[PDB]
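Engineer: Protein chains in written order, with the authors' numbering: chain A, 36 to 329; chain B, 36 to 329.
There are 2 protein chains.
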Amino acid sequence: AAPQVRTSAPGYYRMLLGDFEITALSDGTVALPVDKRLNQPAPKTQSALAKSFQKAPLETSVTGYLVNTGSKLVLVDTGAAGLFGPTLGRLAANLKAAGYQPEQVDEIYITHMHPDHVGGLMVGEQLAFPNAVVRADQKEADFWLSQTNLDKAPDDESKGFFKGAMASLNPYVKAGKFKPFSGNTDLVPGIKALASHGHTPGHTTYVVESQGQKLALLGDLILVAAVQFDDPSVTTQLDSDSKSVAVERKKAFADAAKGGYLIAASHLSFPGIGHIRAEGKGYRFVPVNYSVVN
Amino acid sequence: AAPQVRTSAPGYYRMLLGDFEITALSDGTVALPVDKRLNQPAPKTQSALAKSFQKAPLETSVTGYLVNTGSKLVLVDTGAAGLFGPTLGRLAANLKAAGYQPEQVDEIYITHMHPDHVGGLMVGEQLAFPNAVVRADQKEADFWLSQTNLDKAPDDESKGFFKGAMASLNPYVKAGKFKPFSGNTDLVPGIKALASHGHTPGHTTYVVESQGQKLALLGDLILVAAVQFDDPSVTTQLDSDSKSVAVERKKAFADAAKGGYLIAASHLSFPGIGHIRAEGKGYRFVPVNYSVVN
Ligand SMILES: [K+]
Ligand SMILES: [K+]
Ligand SMILES: [K+]
Ligand SMILES: [K+]
Ligand code: NA
Ligand code: NA
Ligand code: NA
Ligand code: NA
Ligand code: NA
Ligand SMILES: [Zn+2]
Ligand SMILES: [Zn+2]
Ligand SMILES: [Zn+2]
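1) Tell me whether the segment 241-251 of chain B and the segment 45-60 of chain B touch, counting them as touching only if at least three CB pairs, one residue from each stretch, are closer than 8 Å.
2) In its own chain, which residues sit with a C-beta less than 8 Å from the C-beta of A:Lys-198, not counting the 5 before and 5 after it?
3) Output needed for A:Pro-45: all residues of its chain with C-beta closer than 7 Å, excluding positions within five of it in sequence on either side, in chain order.
4) If we ignore side chains and look at the alpha-carbon of each, how far apart do A:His-238 and A:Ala-228 end up?
5) Is any beta-carbon of chain B found at less than 9 Å from that of A:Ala-83?
6) Answer yes or no: do A:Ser-96 and A:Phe-264 have a C-beta to C-beta separation smaller than 9 Å?
7) Which residues have their C-beta within less than 6 Å of a heavy atom of ligand 6, listed in chain order?
8) Quick one: which residues of the segment 167-196 of chain A get their C-beta closer than 9 Å to a C-beta of chain B? List them in chain order.
9) Quick one: is A:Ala-77 buried, meaning 16 or more other Cβ sit within 10 Å of its Cβ, or exposed?
10) Within this structure, are the beta carbons of B:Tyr-48 and B:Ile-308 separated by less than 9 Å?
11) For A:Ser-275, which residues from the same chain have a beta carbon less than 7 Å from its beta carbon, with the 5 sequence-adjacent residues on both sides left out?
12) Per DSSP, residue 23 of chain B is paired with what?
13) Less than 9 Å between the beta carbons of A:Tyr-325 and B:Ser-61, yes or no?
14) Just how far apart, CA to CA, sit B:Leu-273 and B:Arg-72?
15) Give me the DSSP bridge partner(s) of A:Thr-271.
16) Check this for me: beta carbons of residue 345 of chain A and A:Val-158, under 9 Å apart or not?
17) Start and end of the alpha helix (DSSP H) containing B:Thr-183?
18) Beta-carbon of A:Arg-72 versus every beta-carbon of chain B: anything under 9 Å?
19) Beta carbon of B:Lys-212, beta carbon of B:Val-169: below 9 Å?
20) Expressed to the nearest angstrom, what Euclidean distance is found between the alpha-carbon atoms of B:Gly-99 and A:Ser-268?
21) Determine the DSSP secondary structure at B:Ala-228, reduced to helix, strand or coil.
22) Please state the DSSP three-state secondary structure of A:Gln-263.
23) Compute the Euclidean distance between the alpha carbons of A:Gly-218 and B:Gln-39, then round it to the nearest angstrom.
24) Within a Cβ cutoff of 6 Å, which residues of the same chain sit near B:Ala-287, ignoring the five residues on either side of it in sequence?
25) Within this structure, are the beta carbons of A:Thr-104 and A:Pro-215 separated by less than 9 Å?
26) Sorry if obvious, but does the Cβ on B:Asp-54 come closer than 8 Å to a heavy atom of ligand 4?
27) Note down the Cα distance separating B:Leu-303 from B:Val-259, rounded to an integer number of angstroms.
28) Taking 9 Å as the CB-CB limit, is A:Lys-316 close to chain B?
29) With 16 other CB atoms within 10 Å as the buried threshold, where does A:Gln-89 fall?
30) Please identify the residue among B:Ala-251, B:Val-328, B:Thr-271, B:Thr-270 whose C-alpha is closest to the C-alpha of B:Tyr-296.
31) A:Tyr-207 lies in the alpha helix (DSSP H); which residues open and close that run?
32) Using a Cβ-Cβ cut-off of 6 Å (strictly less than) and excluding sequence neighbours within five positions of B:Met-50, which residues of its own chain qualify?
33) Determine the extent of the beta strand (DSSP E) in which A:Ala-251 is found, giving its start and end residues.
34) Kindly indicate which three-state DSSP category B:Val-323 falls into: helix, strand or coil?
35) Would you list, in chain order, the members of the segment 43-67 of chain B that have their beta-carbon closer than 7 Å to a beta-carbon of chain A?
36) Identify, in the order they occur along the chain, each residue of the same chain with its Cβ nearer than 7 Å to the Cβ of A:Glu-138, setting aside the five sequence neighbours on each side.
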């Protein structure tokens, strides 16, 4: 016999993409009230959930993706650190267990500035990635880092999002390490930002490609696998432009389905990487087959 | 920047079931000439794999399952040790990565005696699990351990399967550590052996259950997910009784669909755990949702 260990495996998943090395890094999981946030009848998501063997508050993974192009070490999204509950902020640890040091990261690309994507930028009041530049969309930054917008926040108190994006990015801004880009942009060789606005004013997709092998890093372009693959147009109360999100999601899915390449998203079951094919009304997400990397 | 690490994470997946702890143990992966194995025209198989973004030779998982019942630590299947080439035999290492020691395993349940399941019983010339009692269906033992049956398989190195089983289980028989059962039989509390003969004469399913949460360990009841879930009728050349495997697979699938409980299988993409639901003609496998245990 033995005492139960009750600990999950290190939160990182290795995958080769052409000549690049991808490592999904889990920040952990948090239970979310799916029913209340979806723009569709409560009974409808409760049914979608049940068909996916999902329960009331969905335990959702929060993920970031490390890309090592063999020339640059780039991290896509950084998790929440301590901005979104006691159950997140595991990225830094997983990055190290993944075999890397925060100091080795050259660049950080932000899909959007929500707490669960920018919190990891800071370890206390010190840059968590001291030797990297932070890249995000200009519209994204002009929205969250806006003093005006903060003091102009609706459901006040819960405007810690503005405070949140600020404490996470300003330190790099003042260190002269924030380099915003505008929409579709060539970044480091092998990676490109594609403007997939809607979830937020400057939400960005990061397309990774090596040797004809592509991986579109979707950010929060999709939030609930149980309903948004089958019905791509269903949005949430968390999206800025519902119709923009819908249009961009359908474009992303159509394209990846047409091209047969990989996609990943911050909240699909960790590692959250897979292919996507057409299926009647919408799409069928196909998780990557398990594969050993030596 | 930094050199690419290129190593997969430890191959162990934690999951709680009632008061039990389940740890899927990856023994590695092996490529399988799947289109040659399935008993249907090659083009058909190849088309099914494609719809799932796959191609043969197909990287296929080989998994074993550790169950800590609190009072007992049992291992269901053990991987191949060396019997199948250098890409396997990692179950031992992964068990330790999982925070357990081979010497702590109390019992070992074998779904069947193919090499990729009993190989890990031995480490070199030594018992890998020195303090464990091994269990299997007597029909399985009578068949694989029969010097006669070996001397009746003209198929040069098919006798290997017979030798594999023998070399793998006789050290335990010789030590009085082998205890067969016949047909359905309650093993330690929380775990039942249910006959599922077909793949091999005594192929057995192990059902674990705690606090109403059920997990059926199906062994090799399914080999190619991209084919056999949509078509439970397709068999393979390694199946002893074709009709029987089909029947037992359908019974398992129909049962997990109506019960809505979890099922696990040695060759479903690591960790190979999920639920099953009927979809038109046949079934659809829904892999467990990533979950953090603390
Ligand atoms: K360090
Ligand atoms: K923009
Ligand atoms: K750059
Ligand atoms: K119990
Ligand atoms: Na730059
Ligand atoms: Na290219
Ligand atoms: Na030991
Ligand atoms: Na019983
Ligand atoms: Na029988
Ligand atoms: Zn978001
Ligand atoms: Zn998010
Ligand atoms: Zn097998």
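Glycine included, C-beta positions come from ideal geometry on N, C-alpha and C.
Structural biologist: According to the structure data:
1) yes
2) Your numbering for residue 198 of chain A matches position 163 in the first sequence. The residues are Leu-185.
3) Walking along the first sequence from the start, residue 45 of chain A turns up at place 10. If we look at A:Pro-45 and ignore the five residues flanking it on each side, its Cβ neighbours are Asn-129, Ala-132.
4) Here residue 238 of chain A corresponds to residue number 203 of the first sequence, with the count starting at 1. Here residue 228 of chain A corresponds to residue number 193 of the first sequence, with the count starting at 1. Roughly 10 Å between the two C-alpha positions.
5) The count along the first sequence starts at 1 and reaches residue 83 of chain A at position 48. No, A:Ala-83 does not count as interfacial toward chain B.
6) Reading the first sequence from its first residue, position 61 is the one you call residue 96 of chain A. Reading the first sequence from its first residue, position 229 is the one you call residue 264 of chain A. In this structure, A:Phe-264 does not lie closer than 9 Å to A:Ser-96 by Cβ.
7) A:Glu-244, A:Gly-247
8) none
9) Along the first sequence, one-based indexing puts residue 77 of chain A at 42. So A:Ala-77 ends up on the exposed side.
10) Stepping through the second sequence from its first residue, residue 48 of chain B is reached at position 13. Stepping through the second sequence from its first residue, residue 308 of chain B is reached at position 273. In contact: B:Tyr-48 and B:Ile-308 (Cβ atoms closer than 9 Å).
11) Locating residue 275 of chain A in the first sequence gives position 240, where the first residue counts as 1. Around A:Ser-275: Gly-233, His-234, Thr-235, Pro-236.
12) This structure gives no information on residue 23 of chain B, because the portion of chain B shown stretches from 36 to 329.
13) On the first sequence, residue 325 of chain A is found 290 positions in, with the first residue counted as 1. On the second sequence, residue 61 of chain B is found 26 positions in, with the first residue counted as 1. Yes.
14) To locate residue 273 of chain B, count along the second sequence from 1; it is residue 238. To locate residue 72 of chain B, count along the second sequence from 1; it is residue 37. Their backbone Cα atoms lie some 8 Å apart in a straight line.
15) If you number the first sequence from 1, residue 271 of chain A lands on position 236. BP columns for A:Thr-271 point to A:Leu-73.
16) Residue 345 of chain A cannot be examined here, being either before or after the span of chain A that is shown, 36 to 329.
17) Here the question's residue 183 of chain B lines up with position 148 in the second sequence. From DSSP, the alpha helix (DSSP H) with B:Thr-183 extends over 182-185.
18) Here residue 72 of chain A refers to the residue found at position 37 when the first sequence is read from its first residue. Judged by the 9 Å Cβ criterion, A:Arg-72 is not in contact with chain B.
19) Within the second sequence, the letter at position 177 stands for residue 212 of chain B. Within the second sequence, the letter at position 134 stands for residue 169 of chain B. Taking 9 Å as the Cβ cut-off, B:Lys-212 and B:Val-169 qualify as a contacting pair.
20) Taking the first residue of the second sequence as position 1, residue 99 of chain B is located at position 64. Taking the first residue of the first sequence as position 1, residue 268 of chain A is located at position 233. When rounded, the distance between both Cα atoms is 41 Å.
21) Indexing the second sequence from 1 puts residue 228 of chain B at position 193. Strand at B:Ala-228.
22) In the first sequence, the residue the question calls residue 263 of chain A occupies position 228. Here A:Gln-263 sits in helix by DSSP.
23) Reading the first sequence from its first residue, position 183 is the one you call residue 218 of chain A. Reading the second sequence from its first residue, position 4 is the one you call residue 39 of chain B. Going by the C-alpha atoms only, they are around 29 Å apart.
24) Within the second sequence, the letter at position 252 stands for residue 287 of chain B. Only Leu-253, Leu-256 meet the Cβ criterion.
25) Along the first sequence, read from residue 1 onward, the residue named residue 104 of chain A stands at position 69. Along the first sequence, read from residue 1 onward, the residue named residue 215 of chain A stands at position 180. Result no, Cβ atoms of A:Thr-104 and A:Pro-215 do not sit closer than 9 Å.
26) What you label residue 54 of chain B is simply residue 19 of the second sequence in a count that begins at 1. At least one heavy atom of ligand 4 is nearer than 8 Å to the Cβ of B:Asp-54, so yes.
27) Here residue 303 of chain B refers to the residue found at position 268 of the second sequence. Here residue 259 of chain B refers to the residue found at position 224 of the second sequence. Going by the C-alpha atoms only, they are around 8 Å apart.
28) By one-based count along the first sequence, residue 316 of chain A stands at place 281. Judged by the 9 Å Cβ criterion, A:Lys-316 is not in contact with chain B.
29) Taking the first sequence and counting its residues from 1, the one referred to as residue 89 of chain A is at position 54. Counting Cβ neighbours within 10 Å, A:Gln-89 comes out buried, since at least 16 surround it.
30) The sequence position of residue 296 of chain B within the second sequence is 261, counting from 1. Comparing Cα positions, the closest option is B:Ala-251.
31) Stepping through the first sequence from its first residue, residue 207 of chain A is reached at position 172. Unbroken alpha helix (DSSP H) run through A:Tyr-207: 195-209.
32) Position 15 of the second sequence, counted from the start, is the residue given in the question as residue 50 of chain B. Answer for B:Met-50: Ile-57, listed in chain order.
33) As a working note, residue 251 of chain A is residue 216 in the first sequence. Unbroken beta strand (DSSP E) run through A:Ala-251: 248-252.
34) Counting from 1 along the second sequence, the entry for residue 323 of chain B is found at position 288. If DSSP states are grouped into helix, strand and coil, B:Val-323 belongs with coil.
35) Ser-43, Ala-44, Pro-45, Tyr-47, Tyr-48, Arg-49, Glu-56, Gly-63, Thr-64
36) Residue numbering aside, residue 138 of chain A sits at position 103 when the first sequence is read from its first letter. Correct list, in chain order: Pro-165, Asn-166.
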